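Data block below; observations after.
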Amino acid sequence: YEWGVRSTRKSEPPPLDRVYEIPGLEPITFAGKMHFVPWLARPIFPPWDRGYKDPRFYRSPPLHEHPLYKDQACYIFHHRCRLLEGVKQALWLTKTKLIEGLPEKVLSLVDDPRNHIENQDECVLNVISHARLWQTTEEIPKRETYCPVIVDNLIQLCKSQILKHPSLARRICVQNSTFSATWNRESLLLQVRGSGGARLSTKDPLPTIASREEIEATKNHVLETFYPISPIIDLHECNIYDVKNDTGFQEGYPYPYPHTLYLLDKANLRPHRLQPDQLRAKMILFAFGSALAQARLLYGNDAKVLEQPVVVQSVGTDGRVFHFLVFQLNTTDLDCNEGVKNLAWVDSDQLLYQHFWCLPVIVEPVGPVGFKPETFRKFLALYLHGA
Amino acid sequence: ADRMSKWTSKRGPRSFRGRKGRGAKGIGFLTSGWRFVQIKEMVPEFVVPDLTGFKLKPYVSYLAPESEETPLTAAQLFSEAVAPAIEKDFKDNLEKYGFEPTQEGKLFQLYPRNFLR
Amino acid sequence: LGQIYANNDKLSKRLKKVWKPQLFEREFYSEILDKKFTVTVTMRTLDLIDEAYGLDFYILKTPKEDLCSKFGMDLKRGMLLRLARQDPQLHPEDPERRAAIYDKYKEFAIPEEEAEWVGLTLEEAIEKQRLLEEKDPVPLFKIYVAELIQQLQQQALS
Amino acid sequence: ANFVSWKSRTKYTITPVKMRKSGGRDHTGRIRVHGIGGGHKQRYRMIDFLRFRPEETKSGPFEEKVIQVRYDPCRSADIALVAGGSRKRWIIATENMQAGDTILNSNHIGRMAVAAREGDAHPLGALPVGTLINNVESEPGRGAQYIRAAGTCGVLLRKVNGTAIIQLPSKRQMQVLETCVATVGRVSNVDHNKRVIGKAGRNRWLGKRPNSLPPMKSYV
Amino acid sequence: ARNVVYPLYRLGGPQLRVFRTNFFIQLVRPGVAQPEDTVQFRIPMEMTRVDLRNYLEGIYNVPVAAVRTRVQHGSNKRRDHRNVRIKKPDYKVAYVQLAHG
Amino acid sequence: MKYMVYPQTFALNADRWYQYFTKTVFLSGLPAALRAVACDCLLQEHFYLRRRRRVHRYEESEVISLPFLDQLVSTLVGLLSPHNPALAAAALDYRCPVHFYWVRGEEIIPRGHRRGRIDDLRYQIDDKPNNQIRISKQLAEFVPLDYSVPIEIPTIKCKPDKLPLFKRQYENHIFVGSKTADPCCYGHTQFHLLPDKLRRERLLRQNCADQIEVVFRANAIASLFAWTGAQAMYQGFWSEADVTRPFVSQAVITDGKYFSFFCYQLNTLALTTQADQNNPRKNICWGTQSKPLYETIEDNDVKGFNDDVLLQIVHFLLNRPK
Amino acid sequence: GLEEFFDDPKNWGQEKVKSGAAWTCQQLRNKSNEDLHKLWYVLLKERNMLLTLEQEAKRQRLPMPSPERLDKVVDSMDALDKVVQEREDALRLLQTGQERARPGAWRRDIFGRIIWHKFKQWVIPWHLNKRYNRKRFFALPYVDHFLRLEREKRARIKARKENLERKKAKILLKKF
Amino acid sequence: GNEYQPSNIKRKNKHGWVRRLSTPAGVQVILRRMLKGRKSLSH
RNA sequence: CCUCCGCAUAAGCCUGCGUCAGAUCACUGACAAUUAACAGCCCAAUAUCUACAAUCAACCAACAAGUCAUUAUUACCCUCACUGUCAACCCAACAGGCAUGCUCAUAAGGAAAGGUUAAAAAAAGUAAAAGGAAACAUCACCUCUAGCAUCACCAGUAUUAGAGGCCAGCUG
RNA sequence: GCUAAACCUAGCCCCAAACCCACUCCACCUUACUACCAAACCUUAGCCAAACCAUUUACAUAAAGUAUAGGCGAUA
Ligand SMILES: [Mg+2]
Ligand SMILES: [Mg+2]
Ligand SMILES: [Mg+2]
Ligand SMILES: [Mg+2]
Ligand SMILES: [Mg+2]
Ligand SMILES: [Mg+2]
Ligand SMILES: [Mg+2]
Ligand SMILES: [Mg+2]
């Protein structure tokens with residue numbers, strides 16, 4: 001069953017005038033005139049090409065004359081790619097073992113009460129109330145307005161602790177930074193083209209989390225392969241690509257080392273909004289991507305097991321729900337299914353407020369409800385990492 | 001409900017009033033986001049001379065005589081413009097004398113015009 | 001397109017009738033053009049082809065009025081220009097076959113100045129004559145040069 | 001008239017497509033079918049009725065996974081978003097088909113019968129005779145034209161050399177070739193029949209206005 | 001110029017130049033209070049804002065800084081003896097703010 | 001329906017007009033590792049960050065200069081948090097609307113069925129600064145309340161329509177950047193950047209090269225009056241209950257490359273004709289000329305990097321409530 | 001400066017200004033093209049002066065000082081423009097032999113009548129110009145009847161005019 | 001008698017020059033108005 | 001003293017209570033005006049992407065199943081033009097109608113009485129003793145027809161589609 | 001004595017004779033009057049008359065309303 005009915009297709013030209021069949025004679029056409037006439041023959045025009053070049057009427061060459069048309073298809077992962085099998089597929093493409101819960105090395109930063117902003121419940125209550133209610137002139141702000149403002153203001157709360165730690169004066173957060181990383185996985189080449197908000201750069205790299213006992217202990221782990229799903233579903237099959245490794249930056253850049261990828265989901269519609277498992281998959285591929293490009297910038301394009309493994313963490317959100325990720329990239333020999341594996345610590349479904357009342361109901365006052373500050377404790381744990 | 005009135009730009013709904021203009025000529029083109037790009041070369045440059053020391057006022061004195069109107073035919077312009085050069089080079093390749101077969105290489109083409117006025 | 005009385009008596013309903021002929025997609029081989037044409041044809045046309053002893057004779061013999069097809073008249077102009085030029089493009093690298101075909105239809109030799117205008121409609125002939133006598137105008141420079149060198153050659157002979 | 005049909009997309013797409021009501025009118029704007037029009041808006045999910053299609057540079061049987069069993073407004077049965085290899089597609093759901101279920105789209109006609117599960121698709125040569133089938137083709141490569149509405153089923157009656165004979169739910173038997181693919185089991189959304197509309201509102205919401213044995217057929 | 005076909009510009013072509021300007025101009029007295037810098041003119045319909053800037057710059061050596069134009073509707077409500085509408089012609093108005101204070 | 005006052009304005013000499021609408025005296029003047037971080041932001045946006053899509057010239061100040069100014073504010077509010085703890089608890093709004101609606105004068109209706117009636121002429125400023133800093137407490141005033149200053153406010157001698165200023169009717173908003181329920185109602189500092197229309201390259205191409213600095217000045221008076229004024233409305237003052245203390249805020253506004261600095265001291269909300277009879281008091285806008293932050297940027301680093309411009313940014317970010 | 005929109009400030013309110021003749025054509029055929037260029041701008045500025053003076057004359061409800069010199073300046077601009085067109089035309093006949101500066105063709109629209117079609121400039125050639133090919137430059141056969149009706153309307157108007165001329169001639173011979 | 005409920009889109013789309021020339025019948029409408037001698041052939 | 005009106009935009013209309021002058025319950029002529037930021041007027045190809053409604057969206061609750069999105073390569077450097085902007089207004093009637101946003105009695109908009117008398121009859125309102133009436137469609141059901149694909153039905157497939165039938169009280 | 005009344009000459013009609021028209025510039029099949037981008041032909045029917053209606057029913061001179069045709073009738 002073919003798609004597209006005949007009435008919507010390009011209508012066939014009427015069959016040629018019989019004069020074009022007779023071998024001897026030139027037909028007489030309305031091409032001498034410069035207009036249609038129904039009692040002369042329809043002429044045959046040579047394929048006209050505009051001699052010069054104009055940009056608003058450009059017609060690009062077909063997909064062979066492009067100077068990089070590789071026949072071997074590269075599967076690309078851009079920020080819009082909504083994966084199918086959720087986290088398992090990114091664990092496969094990443095060649096990594098998952099560990100539920102953050103490590104003690106990160107959560108122990110907020111073990112003592114000394115690493116706290118004063119009245120953190122009042123401050124985080126004001127960030128939630130500000131972005132989700134008090135922000136704009138509209139009566140309720142849409143997610144588009146509240147999401148990046150929630151993330152941005154929480155980063156300002158964590159930025160206010162330069163008083164307690166001078167080291168946080170050596171990190172910036174850049175935006176519209178687009179990295180790229182290609183790697184081989186079993187059979188076909190993959191690329192991540194990373195275009196997301198708020199890559200938090202530092203001068204210093206993050207100190208590693210997993211010891212060599214745990215990295216070595218990843219060898220006996222096996223990747224949970226799955227089927228019938230070929231594990232490249234919902235990536236973008238591109239033939240016209242370029243293998244390239246981009247940290248997003250020119251060389252010799254201060255603040256070169258990625259710290260946290262703050263990627264968010266600020267689409268107003270539930271159909272548009274990413275599913276939280278797919279959000280987590282997107283975080284694994286972005287932290288893997290930027291960490292991998294960091295490894296290619298520091299160590300060349302050598303498929304090997306890294307001696308100074310790179311650690312890149314990421315926070316992804318829908319607005320009221322937070323997903324934390326610490327990624328520990330310790331091998332670049334991705335193509336095999338054995339040896340040491342990367343390892344990642346996740347936090348799933350860490351909502352910081354169950355609901356927010358913007359208008360009073362008649363009973364429940366204006367403001368958030370179901371607020372739980374352990375999630376901001378996790379957030380602020382990730383900001384204080386490497387300080 | 002009028003038919004007799006001229007259909008001007010002031011007259012339709014919003015989509016009508018935007019499209020129709022008066023007789024002015026386009027200077028550039030619209031781009032995405034409705035952003036008008038103005039092209040420098042489509043705007044006419046007023047080539048204006050220097051009027052310093054110029055001896056022709058807008059009126060002529062009434063003391064000037066009357067003459068006969070002799071419009072410049074191509075026979076006259078050929079005669080004075082070309083005829084001495086042919087008389088000189090005949091008593092002693094037509095492109096030598098100020099003739100051009102084509103003018104596709106030429107800036108001010110005479111047919112069809114490219115200059116203005 | 002006509003009418004009938006309903007049961008062949010004039011005292012019944014006069015009701016209208018169209019008599020359509022029976023059509024047949026057949027295929028022919030013009031020896032002069034040397035080509036197979038697929039033509040929709042009728043039984044009477046096949047019979048006239050048989051009586052003429054071939055489609056080349058059927059087209060070269062039949063009058064324009066009687067033939068009554070624009071396509072048959074275009075075949076006629078094709079064959080007549082092929083005979084009017086004695087074209088080597090009939091059978092290249094076989095001159096005996098060309099001369100045999102051209103001598104078989106020697107009867108219908110028309111000059112080339114007449115064989116171009118055969119079967120043109122009046123509008124199509126208006127076009128052909130319009131393209132004959134269209135010219136770029138002569139630049140009056142050349143006309144005036146011709147007149148002036150004429151005049152200086154009258155002064156040269158004085 | 002300016003009737004351009006919405007049925008205009010060329011490439012198969014997993015996404016819903018904005019579709020335009022006809023209102024019972026022709027391409028000439030005259031009512032040909034009375035009592036259509038003015039429903040709730042619907043988007044169209046493109047169904048792949050060619051159940052066995054091998055994807056690009058693949059062949060033979062292939063497994064596929066059910067991601068979501070989805071209500072479809074355009075028809076009576078509900079449908080399943082079903083992903084295999086590098087492609088998702090909408091197929092039509094059988095009665096017990098869960099999210100996460102695995103379904104084999106097979107091509108190999110076995111020597112013996114295949115004790116198939118509830119929702120898989122086999123050529124009619126590869127079935128135990130006297131089983132309920134659905135989504136039946138008419139030619140090898142035609143696509144599944146029949147036994148397609150909600151809760152419907154047809155039983156494979158008997159087969160001759162390169163030929164199977166089906167009982168459609170109107171109990172008219174059909175002679176198809178052996179190597180035409182049909183899916184086993186009965187179509188989902190049973191008790192679509194057993195239902196009370198209750199008020200004429202639901203009559204109007206589905207795009208409905210007020211108004212004013214045969215022989216065993218062959219395809220060989 | 002006006003009532004002239006302009007030659008078509010293709011990308012990379014020469015500058016469009018006018019040698020004898022067809023359209024005249026008249027500076028009128030404002031009917032309402034105007035800022036001291038502003039000067040009011042009756043442009044002909046086809047003259048754009050840019051043409052008016054270059055027109056006053058080239059011919060009159062006036063340092064023009066801003067130009068704003070409005071098209072004025074003349075009334076079609078007054079009749080003959082024949083009950084046929086006379087139209088007072090529409091005209092374009094230019095408000096030109098002079099530079100350099 | 002009300003006039004629609006745009007701060008970043010193409011209008012010639014819109015400054016003198018806005019001092020009329022606003023009742024302001026414009027007085028000219030004012031009442032280490034930072035260089036490393038500033039040059040890091042400059043070179044970050046011009047050079048170090050790799051652009052996927054090619055940055056065209058019109059697209060520049062949306063793509064290039066806007067996150068430059070964002071990064072400057074976020075990093076200076078970072079580093080200057082020890083030196084000034086009021087910035088540690090101060091909200092930092094990025095591209096956040098400020099509206100103010102006031103009435104200034106009277107107009108008799110010239111035509112129509114309402115002709116010859118007094119209709120007071122309303123105005124509204126809708127503005128988006130690039131980013132503003134709002135404190136829960138209020139900066140000390142620069143000059144005393146009801147400070148006399150002998151220079152006089154302009155008087156336009158024609159309808160404000162003549163400055164291409166147009167009327168619309170829409171929602172009258174008085175808004176500081178957040179609703180009144182927010183505890184950080186007062187305002188510290190406000191950073192603007194002029195749009196692509198108001199480039200000084202165009203203003204030199206057009207003969208209005210005089211109005212270049214005027215553009216800065218206009219964006220000074222309209223924006224800050226709309227901010228301080230709005231703050232005064234959140235504290236309950238209005239045109240008949242005039243402000244009992246002066247409201248003060250502060251704005252560095254720029255072209256991306258040239259910076260100018262402004263201070264504003266709202267003394268009167270009494271702008272109407274009913275309330276400008278016994279009203280000697282007026283609002284004062286202090287201001288500087290524009291000075292380039294850097295001179296050029298080549299391949300690697302900046303050249304001609306001015307340092308006093310950073311010192312005036314810092315001195316703006318460094319003052320405090322009490 | 002803007003003072004070139006107004007004449008000599010001595011002439012304000014004098015209600016009569018001595019102006020000379022207009023330029024005739026033959027006086028202008030003796031001038032070079034550079035000189036006609038400069039004279040075009042002299043007459044141009046003079047014309048703007050007189051048009052401001054007209055509009056202010058109608059504004060102040062007064063009569064013009066001398067409305068004749070506006071007729072003279074339009075007269076001179078017309079003569080000058082005609083001379084320059086003569087030289088363009090003669091050069092066009094020599095160099096190319098065309099008679100119109102702009103190309104066209106005799107065509108025949110939907111309404112059956114024969115029209116001089118003036119060509120426009122386009123970028124793409126005519127066969128793939130989508131809007132040009134919606135115009136019909138042929139009349140179908142349901143038009144020829146209306147051609148005949150129009151022919152006969154013209155013949156009736158002509159017959160009436162000619163006959164009426166003869167009747168007037170007879171009245172003149174009866175009166176004289 | 002408020003049968004006429006005006007819009008210019010319906011007026012030009014119903015009775016304009018382009019819809020009149022779109023059909024042969026409409027061209028004959030124009031030709032009859034041109035022969036009666038009318039000042040408005042269309043809208 | 002009214003205000004169920006207003007003020008704006010839309011559609012419509014096209015200078016239709018601006019100034020000067022004049023003729024006429026007591027329009028003609030001249031001149032002048034509506035200034036863009038609002039709103040129209042958009043978009044370089046060729047491929048390839050777009051399963052998870054909206055509802056304070058949080059769960060909960062559903063069915064009638066929903067109004068919103070890119071990526072890959074190639075090309076791409078000029079820039080603020082053009083048009084709308086007035087009014088007491090439109091469609092009718094010689095009563096009525098009119099989309100949307102705000103204001104929900106008004107800060108905005110207006111006047112039921114030419115003067116008199118105080119007859120009948122008529123209209124409307126108020127008061128009144130005592131009395132207190134003196135068919136089609138369609139859920140559901142049944143029947144018949146129809147084994148099927150690129151212009152309806154239908155991008156549907158017999159659980160489908162189509163055609164049928166069904167007392168007390170008060171009161172001029 | 002008010003209102004009015006009067007008026008010749010615009011033009012037109014019928015013939016004859018003769019074969020008409022149609023690019024100053026610009027704009028004009030898109031919403032005509034807008035500077036500039038990817039397909040035509042296919043029997044007229046009926047009124048009416050036949051006192052209805054059903055076949056049928058007109059569209060130089062002279063031969064001649066003759067031959068003919070025709071519900072052999074109206075009529076042609
Ligand atoms: Mg205007
Ligand atoms: Mg806007
Ligand atoms: Mg208005
Ligand atoms: Mg009032
Ligand atoms: Mg009365
Ligand atoms: Mg009554
Ligand atoms: Mg009573
Ligand atoms: Mg009869």
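Scope of the values below: all heavy atoms of this structure, side chains included, with no hydrogens, waters or symmetry mates. Below, read A as the first sequence line, B as the second, and so on, with proteins coming before strands; counting in each chain starts at 1.
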How is C:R14 classified with respect to the nucleic acid when contacts are heavy atoms under 4.0 Å: base, sugar-phosphate, or nothing?
sugar-phosphate
Suppose we screen for side-chain contact (heavy atoms from CB on, under 4.5 Å). Which residues come up paired with A:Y58, at least two apart in sequence or across chains?
A:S60, A:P61
If you pin G:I110 and G:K130 to their nearest nucleotides in RNA chain J, which one's is more 5'?
G:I110
Answer yes if the side chains of H:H43 and H:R11 hold a donor-acceptor pair under 3.5 Å, and no otherwise.
yes
Syn or anti for J:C23, with syn set at within 90° of 0?
syn
Considering only atom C1', compute the distance from I:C139 to I:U50 and round it to an integer number of Å.
39 Å
Could you check whether F:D119 pairs with F:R114 (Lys NZ or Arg NE/NH1/NH2 to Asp/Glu carboxylate O, under 4.0 Å)?
yes
Glycosidic torsion of J:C19 (syn if within 90° of 0, anti otherwise) classifies it as syn
In terms of side-chain geometry, is the basic nitrogen of G:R136 or G:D109 positioned less than 4.0 Å from the acidic oxygen of its partner?
no
Would J:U61 and J:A62 be classed as stacked, given the thresholds of under 5.5 Å between six-membered ring centres and under 30° between planes?
yes
Which residues satisfy the side-chain contact (heavy atoms from CB on, under 4.5 Å) test with A:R320, sequence neighbours excluded?
A:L351, A:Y353, A:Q354
Heavy atoms under 4.0 Å, any strand shown: does H:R20 hit a base, just sugar-phosphate, or nothing?
nothing
Measure the acute angle between the ring planes of G:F137 and G:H117, then classify it against the limits of 30° and 60° as parallel, tilted or perpendicular.
perpendicular
If we call a positive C1'-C2'-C3'-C4' torsion north and a negative one south, what is the sugar of I:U28?
north
Note down whether I:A53 puckers north or south, where north is a positive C1'-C2'-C3'-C4' and south a negative one.
north
I:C153: north vs south, judged on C1'-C2'-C3'-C4'
north
Which way is the base of J:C12 turned, syn or anti, if we draw the line at 90° from 0?
anti
Judged by the sign of the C1'-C2'-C3'-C4' torsion, with positive meaning north and negative meaning south, the sugar of I:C5 is north
Residues in side chain to side chain donor-acceptor pair (under 3.5 Å) contact with G:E152, at least two apart in sequence or another chain:
G:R148
Inspect the six-membered rings of I:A122 and I:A123 and say whether their centres lie under 5.5 Å apart and their planes under 30° apart.
yes
What class does the angle between the rings of B:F16 and B:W7 fall in, given that below 30° is parallel, 30 to 60° is tilted and above 60° is perpendicular?
perpendicular
Between D:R142 and A:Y1, is any side-chain donor less than 3.5 angstrom from a side-chain acceptor?
no
Report the residues that fulfil side-chain contact (heavy atoms from CB on, under 4.5 Å) with A:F57, sequence neighbours left out, ordered by chain and then residue number.
A:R50, A:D54
For J:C42, is chi within 90° of 0 (syn) or not (anti)?
syn
Could you tell me if I:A119 and I:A120 pass the stacking criterion of ring centres under 5.5 Å and planes under 30°?
yes
State, without any angle test, whether E:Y95 and E:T69 hold a side-chain donor-acceptor pair at a distance under 3.5 Å.
no
Report the stems of RNA chain J as range-with-range entries sorted by first number; a stem here is at least three consecutive pairs, Watson-Crick or G-U wobble, both distances under 3.5 Å, and write none if there are none.
none
So what does C:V18 touch, heavy atoms closer than 4.0 Å: a base, only the sugar-phosphate, or nothing?
base
Residues in side-chain contact (heavy atoms from CB on, under 4.5 Å) contact with D:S170, at least two apart in sequence or another chain:
D:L168, D:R172
On RNA chain I, more 5' by nearest nucleotide between B:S32 and D:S22 is B:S32
Pairwise P distance for I:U79 and I:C90, with rounding to whole Å:
47 Å
Whole-angstrom distance between I:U55 and I:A99, as gauged at atom P:
28 Å
My parser flags sugar pucker from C1'-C2'-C3'-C4'; what should it report for I:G165, north or south?
north
Is A:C238 touching bases, backbone alone, or none of the nucleic acid, heavy atoms closer than 4.0 Å?
sugar-phosphate
Stack test, strand neighbours I:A69 and I:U70, 5.5 Å, 30°
no
Does the pair I:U50/I:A51 satisfy a centre-to-centre distance of less than 5.5 Å between six-membered base rings together with a plane angle of less than 30°?
no
Where chain B begins and ends its contact with RNA chain J, read 5' to 3' at 4.0 Å from heavy atoms
J:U31 to J:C36
So what does B:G18 hit on the nucleic acid, given a heavy-atom distance under 4.0 Å: a base, only sugar-phosphate, or nothing?
base
Tell me whether the rings of G:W106 and G:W116 are parallel (<30°), tilted (30 to 60°) or perpendicular (>60°).
perpendicular
Taking the six-membered ring for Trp, is the centroid-to-centroid distance between B:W34 and B:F29 below 6.0 Å?
no
So B:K6, base contact, sugar-phosphate only, or nothing? Heavy-atom distance under 4.0 Å.
sugar-phosphate
With H:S42 via side chain to side chain donor-acceptor pair (under 3.5 Å) - residues at least two apart
none
Report which part of the nucleic acid A:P62 touches: base, sugar-phosphate, or nothing (heavy-atom distance under 4.0 Å, all strands).
nothing
Stem list for RNA chain I, please, built from Watson-Crick and G-U wobble pairs under 3.5 Å and keeping only runs of at least 3.
I:6-9 with I:99-102, I:18-22 with I:27-31, I:38-40 with I:82-84, I:44-47 with I:71-74, I:141-146 with I:160-165
Per the glycosidic torsion and the 90° limit around 0, nucleotide J:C37 is syn
Counted 5' to 3', the first and last nucleotides of RNA chain I within 4.0 Å (strictly under) of a heavy-atom of chain G are I:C20 to I:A32
Have a look at A:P360 and say if it touches a base, only the backbone sugar-phosphate, or nothing, with a 4.0 Å heavy-atom cut-off.
base
The complete set of salt bridge (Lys or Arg N to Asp or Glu O under 4.0 Å) pairs with one or both residues in residues 17-26 of chain B, sequence neighbours excluded, reads B:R22-E:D90
Report which part of the nucleic acid E:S75 touches: base, sugar-phosphate, or nothing (heavy-atom distance under 4.0 Å, all strands).
sugar-phosphate
Contacts of type side chain to side chain donor-acceptor pair (under 3.5 Å), residue C:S12, not counting sequence neighbours:
C:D9
